[PDB]
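> If you scroll down you'll find the structure; I have some questions about it.
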Amino acid sequence: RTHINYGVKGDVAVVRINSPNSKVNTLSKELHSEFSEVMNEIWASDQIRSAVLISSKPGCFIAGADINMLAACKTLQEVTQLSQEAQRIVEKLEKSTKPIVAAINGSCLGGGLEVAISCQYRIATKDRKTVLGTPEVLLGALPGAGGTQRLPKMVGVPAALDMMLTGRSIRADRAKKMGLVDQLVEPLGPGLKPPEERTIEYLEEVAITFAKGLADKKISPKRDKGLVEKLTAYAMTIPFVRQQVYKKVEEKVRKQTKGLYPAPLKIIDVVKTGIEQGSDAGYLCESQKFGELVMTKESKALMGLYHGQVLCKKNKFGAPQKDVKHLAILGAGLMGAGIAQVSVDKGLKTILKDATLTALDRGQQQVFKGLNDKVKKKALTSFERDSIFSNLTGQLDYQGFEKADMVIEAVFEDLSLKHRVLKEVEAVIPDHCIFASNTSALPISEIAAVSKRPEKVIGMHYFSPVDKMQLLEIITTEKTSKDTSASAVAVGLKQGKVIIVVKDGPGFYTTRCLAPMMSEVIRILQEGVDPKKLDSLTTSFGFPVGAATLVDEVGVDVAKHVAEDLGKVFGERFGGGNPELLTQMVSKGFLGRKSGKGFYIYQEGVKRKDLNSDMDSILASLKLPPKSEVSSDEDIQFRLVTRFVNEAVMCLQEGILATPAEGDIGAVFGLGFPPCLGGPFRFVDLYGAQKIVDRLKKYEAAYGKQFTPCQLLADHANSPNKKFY
Amino acid sequence: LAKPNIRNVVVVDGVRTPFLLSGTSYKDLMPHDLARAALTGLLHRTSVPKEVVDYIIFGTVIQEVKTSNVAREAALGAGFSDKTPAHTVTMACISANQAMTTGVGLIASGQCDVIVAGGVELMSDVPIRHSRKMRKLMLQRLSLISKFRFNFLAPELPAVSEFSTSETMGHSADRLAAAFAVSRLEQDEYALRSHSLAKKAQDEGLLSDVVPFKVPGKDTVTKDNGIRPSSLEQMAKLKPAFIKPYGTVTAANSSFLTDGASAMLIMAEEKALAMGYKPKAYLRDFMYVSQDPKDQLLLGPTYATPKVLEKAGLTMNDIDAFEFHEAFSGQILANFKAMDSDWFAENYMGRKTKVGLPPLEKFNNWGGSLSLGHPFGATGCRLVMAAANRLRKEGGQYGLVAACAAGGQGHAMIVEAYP
Amino acid sequence: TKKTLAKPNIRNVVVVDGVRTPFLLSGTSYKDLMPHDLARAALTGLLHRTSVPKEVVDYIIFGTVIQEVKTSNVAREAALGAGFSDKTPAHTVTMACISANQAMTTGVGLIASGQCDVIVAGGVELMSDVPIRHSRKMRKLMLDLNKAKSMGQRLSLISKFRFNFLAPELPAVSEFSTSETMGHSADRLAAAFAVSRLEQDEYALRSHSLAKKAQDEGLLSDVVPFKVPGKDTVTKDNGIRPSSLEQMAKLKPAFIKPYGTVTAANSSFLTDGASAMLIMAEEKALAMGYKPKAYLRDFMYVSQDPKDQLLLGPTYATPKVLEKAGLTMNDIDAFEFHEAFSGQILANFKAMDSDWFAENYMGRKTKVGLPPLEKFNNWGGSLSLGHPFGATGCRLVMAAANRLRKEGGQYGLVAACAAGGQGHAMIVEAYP
């Protein structure tokens with residue numbers, strides 16, 4: 001038994017989950033076996049009246065194995081099959097003649113939760129790493145081991161749905177009061193053995209005392225829900241009330257999903273069709289509709305985005321020589337404070353610098369508020385916050401720069417400026433100090449020109465808002481050093497970002513691929529189509545943001561700044577609409593933030609329910625007419641997508657994108673590429689490496705523009721080829 | 001021995017008010033009222049002249065806002081001079097210690113010859129409105145100054161109990177104990193020792209430090225209240241008090257809320273003898289330390305004991321008398337474990353081998369805080385005072401007093417008997 | 001010219017560098033802060049400017065008078081937030097206006113003792129609010145301790161026969177535990193030494209003007225700016241508000257009405273503030289590679305009779321220390337005193353300059369000696385900057401050694417009157 005161990009004490013068995021690698025205990029087929037065996041022993045053995053099961057591996061409790069999900073994936077019901085065989089095991093546990101206490105140490109997600117959810121008594125540690133959740137959804141699937149049946153029964157219909165729809169992890173304490181966990185235990189300080197280890201021991205020791213007691217049938221001291229929970233829970237007994245809940249939820253999912261994702265909808269069913277019909281009807285609906293999903297195109301796509309994310313959270317270049325211990329951000333703007341906060345709270349002693357004291361405050365405020373909000377959300381102590389905020393030493397002049405290990409520029413998009421700063425800074429920072437530039441348009445070469453040491457100059461293109469976003473596009477020039485990169489990557493990862501590395505370009509992978517769309521957008525808006533229709537046309541195609549309201553938000557002017565700066569560097573294929581109407585906005589006085597159809601009520605930038613009253617007048621002035629085979633609503637969509645997908649695959653071709661996975665991760669996490677599609681490189685593999693070109697040639701010759709497939713795109717088309725696999 | 005060119009400092013005599021269970025009989029008193037009593041008990045017993053007292057300094061944690069400088073206001077009421085300046089010092093459980101240290105420092109410094117240290121603590125809190133009392137800090141447009149507040153106000157309550165870094169004092173005990181695998185049975189056990197070993201010492205009358213005290217309300221008090229030993233079968237029949245329901249720490253194996261005060265006359269040897277006194281001990285070496293409050297706040301002694309023991313140049317063996325602070329049964333029994341682990345010593349303490357488990361037979365022989373009581377910043381004296389007191393009536397030369405404190409801190413001192 | 005030196009076998013102790021938060025008018029912009037929050041700021045301003053390593057700091061100690069019951073040991077809780085080590089222990093000290101002083105002394109005492117080499121002293125005070133209930137809070141708690149299953153409701157019927165002659169109770173502080181206002185003593189300590197109204201409004205105006213000057217010149221180096229979460233950010237003090245002498249006299253009396261000499265304008269004011277200082281032994285300061293700003297020379301604490309002479313600290317203190325060190329009013333070329341009230345100093349002067357008083361009360365040969373009113377509080381004082389109890393003690397010594405450098409000189413005398421009927425004086429020797 002390389003996974004599940006054994007051992008006994010008194011009339012209480014003590015199972016011990018620990019995978020061979022030990023890194024994280026996942027539910028393997030062979031593990032399932034060992035376990036299924038160990039139970040039968042303690043089950044039948046008259047020597048044992050009760051039992052416990054805890055994780056020896058410190059990292060976590062259980063995670064659920066993706067090992068054999070798409071691997072042993074043969075038929076639609078070779079998966080469905082699996083689900084059942086799992087349901088069967090846990091049902092044995094649930095309906096056990098001997099009490100079984102689940103001692104949950106660390107991570108307990110998906111499968112793992114669906115087990116402790118079957119056991120008699122759940123006991124979990126009050127740790128941050130101790131999370132419970134059903135992220136099955138996130139991979140386009142759903143809980144395939146009773147989760148759809150036991151959670152509703154255990155934690156009410158609402159929370160049980162939320163938990164299985166959002167896939168949100170639940171904090172230990174939250175999980176306790178929520179009714180998911182029966183009992184809680186705080187982790188221990190140092191002792192004879194290290195904390196983790198001694199803690200685990202304690203947890204076991206406790207789980208046992210409970211186990212023993214449960215066997216003796218001594219558990220009549222339950223808790224009280226109160227008056228609110230007693231009512232709401234009762235109200236949930238009434239069938240026509242539950243209907244109104246399944247409806248209000250389905251509606252909310254439907255509309256926030258745009259309806260492109262299947263799992264979230266099929267989960268609402270399996271829960272209903274199990275608590276409205278028999279559990280037997282449920283479990284076997286879950287089982288079937290599980291595999292039914294695993295085969296869905298979306299799920300396939302999201303599993304790919306999941307995996308890419310695993311890699312993109314690991315250091316491509318391994319550890320650097322010097323671990324950045326002293327950081328310095330340049331520009332207490334938005335993306336400065338944003339960046340600062342993401343660094344300070346991690347423990348990195350950072351230095352925020354700006355010109356005027358006024359602008360040094362705004363930044364200092366954000367990074368404060370940011371922490372302070374994290375306190376209210378119950379994620380940070382008031383003390384932790386205040387303390388963390390001390391690590392943030394803000395200033396106007398470079399005082400401590402003498403000791404900077406890394407430096408990050410976050411000033412305007414002006415190369416003249418970017419140079420002035422690089423010069424100044426490089427004149428006061430040590431030799432080993434890296435310099436990174438948070439830019440989108442300007443290349444890291446034309447900036448690293450003035451560099452006294454361009455080996456130490458590397459691009460770090462963060463994404464806004466840096467407070468919440470997690471994509472980080474690390475640019476690399478040829479002169480750029482390997483270790484200089486291996487540090488920049490290690491910093492972004494500490495900042496807790498998902499990292500994609502690209503070779504320097506004129507408009508790097510992200511901004512570049514974005515451009516052609518923003519042109520085609522202008523063109524469409526100038527073709528008679530309007531915001532509402534375009535926003536709706538893209539959002540409903542899977543886009544997180546409406547193509548037009550994307551712009552009206554991003555920068556009506558910062559549109560031109562890059563549309564033309566990057567249109568001059570290419571202009572060939574990027575030639576879409578007339579950037580005059582784009583100018584006619586700025587010069588005639590139009591902006592995202594006020595005037596342009598994406599405004600908000602009173603001095604609080606409040607509500608929406610409004611567009612623009614005039615951009616109609618100026619739009620009407622200069623606007624071409626539609627086409628025949630390209631004016632279609634479905635065409636208007638692929639017009640955009642294809643152009644993007646092309647420049648994307650082209651960036652792989654040109655060697656800018658190291659991998660297709662990265663290409664995808666960045667595209668979805670950063671550009672807002674519809675994830676159901678799975679990324680532009682997945683979208684090729686699934687939608688059709690050919691069908692995508694035929695669709696592209698139809699928006700090329702038919703639209704008299706050189707918006708034509710590149711080599712590597714058309715390369716995959718002329719054969720049965722796929723990038724990812 | 002003791003150091004040469006640095007002048008020697010001794011404790012002439014010390015004292016303390018009986019240590020009563022909070023809300024018992026000091027209920028209707030103010031903290032400075034006890035301090036006054038302690039200072040009078042000292043000033044009476046020690047017969048010091050009111051004139052020669054050069055400086056007074058008292059410790060205390062919870063402040064009576066009316067008597068900010070508790071020492072200075074108790075000093076005047078007691079009798080000590082107008083000249084005799086004083087200041088109040090606050091350092092959690094070991095505030096009474098800092099009093100003596102801060103005082104001793106001024107002696108060896110040369111800044112003065114005679115000082116009175118001590119401390120006081122009254123547990124019967126004072127909870128406020130953190131802003132009921134702010135639209136309250138505004139003391140025909142005047143009437144409507146308050147509509148401006150009555151716009152929607154909801155005051156309620158205050159704070160005080162946990163810890164400014166989050167966590168109950170005793171809650172840490174229950175998981176500091178489990179951290180070092182200290183069993184419930186092991187705790188109820190020691191608890192019972194100190195309750196019995198105190199009651200014994202009380203009956204024998206070894207508790208000399210305690211001066212009686214006439215309260216205006218009650219009859220008068222001589223004895224302590226925490227003397228209540230039970231059967232071990234009883235202490236185990238009890239429920240947990242900080243981590244429920246699988247807790248190891250109970251009410252019976254924990255200390256309790258206590259009202260009390262303590263005074264002490266410390267002065268330089270050359271003066272003590274010239275004054276015609278018969279000093280009770282030397283105030284030898286000492287050391288203040290600090291921990292990480294979050295996960296190891298009650299491990300003061302374990303970090304403290306060595307630093308001072310080596311700085312003076314002795315060992316667990318040179319010491320024949322241990323008076324430690326008894327915050328919780330599981331606090332000590334666990335501190336022991338840590339002192340007795342080479343692992344812990346190597347890993348955290350950053351040293352060669354373990355500190356050395358003090359002989360559980362030379363340890364708190366006339367009971368401790370768990371049985372007598374723990375008035376924050378008034379217990380620091382009762383220890384050193386009942387250390388030099390043991391060295392005389394039991395015999396010995398070197399006593400080690402140490403104490404764990406909130407704030408994630410700790411203090412240890414070496415007491416050398418006197419011939 | 002003047003007997004100059006320091007002691008031999010006793011190790012020498014210096015101030016590497018000091019700091020303080022801007023001293024603001026209470027209720028102004030530190031309104032929505034806690035005292036330890038300012039302390040944190042002062043400590044951070046020190047830790048940053050001084051660039052000390054968080055490791056070597058052996059002991060921290062802060063002064064303060066009004067307690068935030070949540071942060072009993074103010075120092076220890078601000079110390080953790082600031083950044084200083086877990087190891088670095090700390091304790092809070094309280095001694096009225098001179099609580100910030102006792103913070104340095106208590107600290108210096110541990111250095112010469114040998115107990116440690118490097119210590120951070122300082123203090124903090126937030127004039128906010130600390131009122132409380134008595135009965136409502138006694139009847140408050142006995143509604144806690146649990147009975148049978150619920151049956152402690154009779155414990156409330158005795159209760160509702162309690163509030164009958166008076167509703168509930170609710171006090172606070174302002175006077176003095178021996179009865180009398182701080183500033184009410186000033187108005188009759190002044191009259192006791194015949195210090196006229198005109199004379200007071202006069203000095204008052206000097207400190208406000210001489211501070212505003214020093215501010216504009218930027219001599220107030222001790223002040224590190226501070227970013228408050230609410231407000232924009234603060235660099236300057238608030239008490240800088242000089243007026244015409246014809247205006248300060250148009251004003252009414254504030255403590256003894258209507259024949260009072262003491263007014264609002266010739267008195268200090270409620271002030272929020274915090275101060276930190278890095279003090280360490282010379283051998284270390286130099287070995288650390290620092291350039292010390294001054295020596296912490298001799299010092300002395302004294303006490304009075306609060307009833308009739310509580311604000312005469314300096315008069316009794318100045319000599320004891322000045323002679324213990326072995327100098328005189330002449331050897332001294334820099335005086336930084338605490339400015340509690342205009343009439344407080346002007347009257348302390350009078351007492352120091354009287355042979356009679358010296359003979360009668362001080363019990364000495366001849367007068368103490370009126371310190372040259374020209375070498376006195378040259379960069380303004382408490383009356384113009386502010387007096388945060390137990391955070392003002394540092395700003396003085398710090399703005400003393402600071403004057404000895406930028407103005408030139410060797411020996412500075414800092415002394416301060418305190419509530420509790422106490423006082424403190426210290427000798428600051430400049431550094432080469």
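A note on labels: chains of the structure tokens are A, B, ... as shown, every chain counts residues from 1, and ligands are counted from 1 in their shown order.
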Write out as a ChimeraX atom specification the residues lying within 7 Å of residue 334 in chain C, counting only C-alpha atoms and excluding same-chain residues fewer than 3 positions away.
/C:375-376,400,404,411-413
> DSSP on the backbone: which residues in range 221-358 of chain C end up as alpha helix (DSSP H)? Give the answer as a PyMOL selection string.
chain C and resi 245-248+282-287+313-325+342-352+355-357
> Hey, list the chain A side of the contact with chain C: 10 Å cut-off, only C-alpha atoms, answer as a PyMOL selection string.
chain A and resi 357-358+360-362+364-366+368-369+383-391+393-394+399-400
> Take the residues from that selection and write them out as a compact mmCIF listing (two decimals), in the first residue's frame, keeping N, CA, C and O atoms.

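This went into result03.txt:
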# COMPACT_ATOMS: atom_id res chain seq x y z
N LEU A 357 3.57 64.98 -3.63
CA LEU A 357 3.07 64.33 -2.43
C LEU A 357 1.62 63.89 -2.63
O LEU A 357 1.21 62.84 -2.14
N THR A 358 0.86 64.70 -3.36
CA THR A 358 -0.55 64.40 -3.62
C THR A 358 -0.71 63.03 -4.25
O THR A 358 -1.54 62.23 -3.81
N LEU A 360 1.47 60.67 -4.30
CA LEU A 360 2.06 59.66 -3.43
C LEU A 360 1.03 59.19 -2.41
O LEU A 360 1.10 58.06 -1.92
N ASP A 361 0.07 60.05 -2.09
CA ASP A 361 -1.01 59.70 -1.16
C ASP A 361 -2.03 58.78 -1.81
O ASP A 361 -2.22 57.65 -1.36
N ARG A 362 -2.70 59.27 -2.86
CA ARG A 362 -3.66 58.45 -3.58
C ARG A 362 -3.20 56.99 -3.59
O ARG A 362 -3.93 56.10 -3.17
N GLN A 364 -0.77 55.48 -1.78
CA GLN A 364 -0.70 54.99 -0.41
C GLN A 364 -2.09 54.66 0.15
O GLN A 364 -2.23 53.80 1.01
N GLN A 365 -3.10 55.37 -0.34
CA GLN A 365 -4.46 55.12 0.10
C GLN A 365 -4.95 53.79 -0.46
O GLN A 365 -5.35 52.90 0.30
N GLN A 366 -4.91 53.65 -1.78
CA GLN A 366 -5.33 52.41 -2.43
C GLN A 366 -4.77 51.22 -1.68
O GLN A 366 -5.52 50.38 -1.18
N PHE A 368 -3.67 50.95 1.12
CA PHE A 368 -4.28 50.87 2.45
C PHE A 368 -5.69 50.30 2.33
O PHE A 368 -5.96 49.19 2.79
N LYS A 369 -6.58 51.07 1.72
CA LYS A 369 -7.95 50.61 1.53
C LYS A 369 -7.95 49.14 1.15
O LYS A 369 -8.62 48.33 1.78
N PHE A 383 -4.75 44.25 12.91
CA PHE A 383 -3.34 44.37 13.24
C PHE A 383 -2.46 43.98 12.05
O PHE A 383 -1.53 44.71 11.70
N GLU A 384 -2.75 42.83 11.45
CA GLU A 384 -2.03 42.38 10.27
C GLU A 384 -2.00 43.50 9.23
O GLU A 384 -0.95 43.84 8.70
N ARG A 385 -3.17 44.07 8.95
CA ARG A 385 -3.29 45.17 7.99
C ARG A 385 -2.34 46.31 8.33
O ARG A 385 -1.44 46.64 7.56
N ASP A 386 -2.56 46.92 9.49
CA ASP A 386 -1.71 48.01 9.94
C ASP A 386 -0.24 47.63 9.82
O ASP A 386 0.56 48.38 9.25
N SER A 387 0.10 46.45 10.33
CA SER A 387 1.47 45.97 10.29
C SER A 387 1.97 45.93 8.85
O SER A 387 2.94 46.59 8.50
N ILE A 388 1.27 45.17 8.00
CA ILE A 388 1.63 45.06 6.59
C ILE A 388 1.90 46.43 6.00
O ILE A 388 2.83 46.60 5.21
N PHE A 389 1.09 47.41 6.38
CA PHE A 389 1.18 48.75 5.80
C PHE A 389 2.49 49.45 6.15
O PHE A 389 2.86 50.43 5.51
N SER A 390 3.18 48.95 7.17
CA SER A 390 4.48 49.50 7.56
C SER A 390 5.56 49.13 6.55
O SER A 390 6.47 49.91 6.29
N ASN A 391 5.46 47.93 5.99
CA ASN A 391 6.39 47.48 4.95
C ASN A 391 6.37 48.40 3.74
O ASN A 391 7.32 48.44 2.96
N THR A 393 6.94 51.70 2.55
CA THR A 393 7.54 53.00 2.81
C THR A 393 7.51 53.84 1.55
O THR A 393 8.26 53.59 0.61
N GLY A 394 6.63 54.83 1.53
CA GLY A 394 6.45 55.69 0.37
C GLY A 394 7.29 56.94 0.47
O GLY A 394 7.57 57.42 1.57
N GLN A 399 15.44 57.54 -1.82
CA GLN A 399 16.28 57.55 -0.63
C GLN A 399 16.91 56.18 -0.40
O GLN A 399 18.13 56.05 -0.32
N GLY A 400 16.07 55.15 -0.32
CA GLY A 400 16.54 53.79 -0.03
C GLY A 400 16.91 52.98 -1.26
O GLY A 400 17.34 51.84 -1.15
> One decimal, Å: what's the distance from CA of residue 597 in chain A over to CA of residue 628 in chain A, could you say?
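Atom-to-atom, CA of residue 597 in chain A and CA of residue 628 in chain A are spaced 28.7 Å apart.
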> Record the distance separating CA of residue 123 in chain C and CA of residue 124 in chain B, expressed in Å with one decimal.
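Between these atoms lies a distance of 27.8 Å.
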> Counting only C-alpha atoms, which of A:632, A:288, A:583, A:209 gets nearest to chain B?
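Checking each of A:632, A:288, A:583, A:209 against chain B, counting only C-alpha atoms, the winner is A:209.
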> Excluding residue 92 in chain B and any residue of its chain fewer than 6 positions from it, enumerate the residues within 9 Å of it, using only C-alpha atoms, and give them as a PyMOL selection string.
(chain B and resi 59-61+376-377+405-407+409) or (chain C and resi 72-73+91)
> Go ahead and write the residues just picked, N, CA, C and O atoms, as a PDB file, in the first residue's frame.

ATOM      1  N   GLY B  59       4.090  48.952  39.317  1.00  0.00           N
ATOM      2  CA  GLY B  59       3.602  48.345  38.089  1.00  0.00           C
ATOM      3  C   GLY B  59       2.112  48.075  38.147  1.00  0.00           C
ATOM      4  O   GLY B  59       1.551  47.857  39.221  1.00  0.00           O
ATOM      5  N   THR B  60       1.473  48.097  36.984  1.00  0.00           N
ATOM      6  CA  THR B  60       0.049  47.798  36.876  1.00  0.00           C
ATOM      7  C   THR B  60      -0.344  47.788  35.400  1.00  0.00           C
ATOM      8  O   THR B  60       0.266  48.492  34.589  1.00  0.00           O
ATOM      9  N   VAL B  61      -1.349  46.989  35.051  1.00  0.00           N
ATOM     10  CA  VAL B  61      -1.732  46.832  33.647  1.00  0.00           C
ATOM     11  C   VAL B  61      -2.988  47.624  33.288  1.00  0.00           C
ATOM     12  O   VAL B  61      -2.949  48.458  32.383  1.00  0.00           O
ATOM     13  N   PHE B 376      -2.126  41.050  37.859  1.00  0.00           N
ATOM     14  CA  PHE B 376      -1.222  41.596  36.855  1.00  0.00           C
ATOM     15  C   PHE B 376      -0.379  42.718  37.448  1.00  0.00           C
ATOM     16  O   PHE B 376      -0.911  43.678  37.996  1.00  0.00           O
ATOM     17  N   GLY B 377       0.935  42.613  37.329  1.00  0.00           N
ATOM     18  CA  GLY B 377       1.804  43.706  37.736  1.00  0.00           C
ATOM     19  C   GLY B 377       1.789  43.967  39.227  1.00  0.00           C
ATOM     20  O   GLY B 377       2.200  45.033  39.681  1.00  0.00           O
ATOM     21  N   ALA B 405       4.675  36.306  30.411  1.00  0.00           N
ATOM     22  CA  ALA B 405       3.818  37.480  30.401  1.00  0.00           C
ATOM     23  C   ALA B 405       3.095  37.638  29.077  1.00  0.00           C
ATOM     24  O   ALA B 405       3.593  37.222  28.028  1.00  0.00           O
ATOM     25  N   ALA B 406       1.915  38.244  29.134  1.00  0.00           N
ATOM     26  CA  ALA B 406       1.223  38.650  27.929  1.00  0.00           C
ATOM     27  C   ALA B 406       2.093  39.679  27.216  1.00  0.00           C
ATOM     28  O   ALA B 406       3.026  40.229  27.799  1.00  0.00           O
ATOM     29  N   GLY B 407       1.782  39.938  25.953  1.00  0.00           N
ATOM     30  CA  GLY B 407       2.636  40.761  25.109  1.00  0.00           C
ATOM     31  C   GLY B 407       3.663  39.882  24.419  1.00  0.00           C
ATOM     32  O   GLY B 407       4.487  40.362  23.638  1.00  0.00           O
ATOM     33  N   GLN B 409       6.042  38.055  26.114  1.00  0.00           N
ATOM     34  CA  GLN B 409       7.281  38.430  26.787  1.00  0.00           C
ATOM     35  C   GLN B 409       7.568  37.523  27.981  1.00  0.00           C
ATOM     36  O   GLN B 409       6.779  36.627  28.297  1.00  0.00           O
TER      37      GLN B 409
ATOM     38  N   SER C  72      -2.889  48.165  26.468  1.00  0.00           N
ATOM     39  CA  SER C  72      -2.311  48.462  27.775  1.00  0.00           C
ATOM     40  C   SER C  72      -0.851  48.871  27.624  1.00  0.00           C
ATOM     41  O   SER C  72      -0.477  50.017  27.898  1.00  0.00           O
ATOM     42  N   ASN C  73      -0.039  47.919  27.175  1.00  0.00           N
ATOM     43  CA  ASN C  73       1.375  48.151  26.915  1.00  0.00           C
ATOM     44  C   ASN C  73       1.560  48.809  25.547  1.00  0.00           C
ATOM     45  O   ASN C  73       2.062  48.191  24.605  1.00  0.00           O
ATOM     46  N   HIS C  91       8.246  47.877  27.269  1.00  0.00           N
ATOM     47  CA  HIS C  91       7.266  48.170  28.304  1.00  0.00           C
ATOM     48  C   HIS C  91       6.857  49.635  28.230  1.00  0.00           C
ATOM     49  O   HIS C  91       7.627  50.483  27.780  1.00  0.00           O
TER      50      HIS C  91
END
> List every residue of chain A that has an atom at most 12 Å from any atom of chain B, and for each one report the closest atom pair and its distance in Å to one decimal, counting only C-alpha atoms, with rows sorted by chain and then by increasing residue number, as CSV.

residue,atom,partner,partner_atom,distance
A:123,CA,B:246,CA,11.7
A:183,CA,B:245,CA,9.3
A:184,CA,B:244,CA,9.6
A:185,CA,B:243,CA,8.5
A:186,CA,B:175,CA,7.8
A:187,CA,B:175,CA,7.8
A:188,CA,B:179,CA,5.1
A:189,CA,B:295,CA,4.8
A:190,CA,B:179,CA,5.9
A:191,CA,B:180,CA,4.4
A:192,CA,B:180,CA,6.0
A:193,CA,B:343,CA,7.8
A:194,CA,B:344,CA,8.9
A:195,CA,B:179,CA,7.4
A:196,CA,B:179,CA,10.1
A:197,CA,B:179,CA,10.0
A:198,CA,B:179,CA,6.5
A:199,CA,B:179,CA,7.2
A:200,CA,B:179,CA,10.5
A:201,CA,B:181,CA,9.5
A:202,CA,B:178,CA,7.1
A:203,CA,B:178,CA,10.2
A:204,CA,B:246,CA,12.0
A:205,CA,B:246,CA,9.9
A:206,CA,B:246,CA,6.8
A:207,CA,B:246,CA,9.6
A:208,CA,B:246,CA,10.8
A:209,CA,B:246,CA,8.2
A:210,CA,B:246,CA,8.7
A:213,CA,B:246,CA,11.8
A:221,CA,B:245,CA,10.7
A:380,CA,B:166,CA,11.5
A:381,CA,B:166,CA,8.2
A:382,CA,B:165,CA,8.7
A:383,CA,B:165,CA,6.3
A:384,CA,B:165,CA,8.2
A:385,CA,B:165,CA,11.2
A:386,CA,B:165,CA,11.2
A:387,CA,B:165,CA,10.5
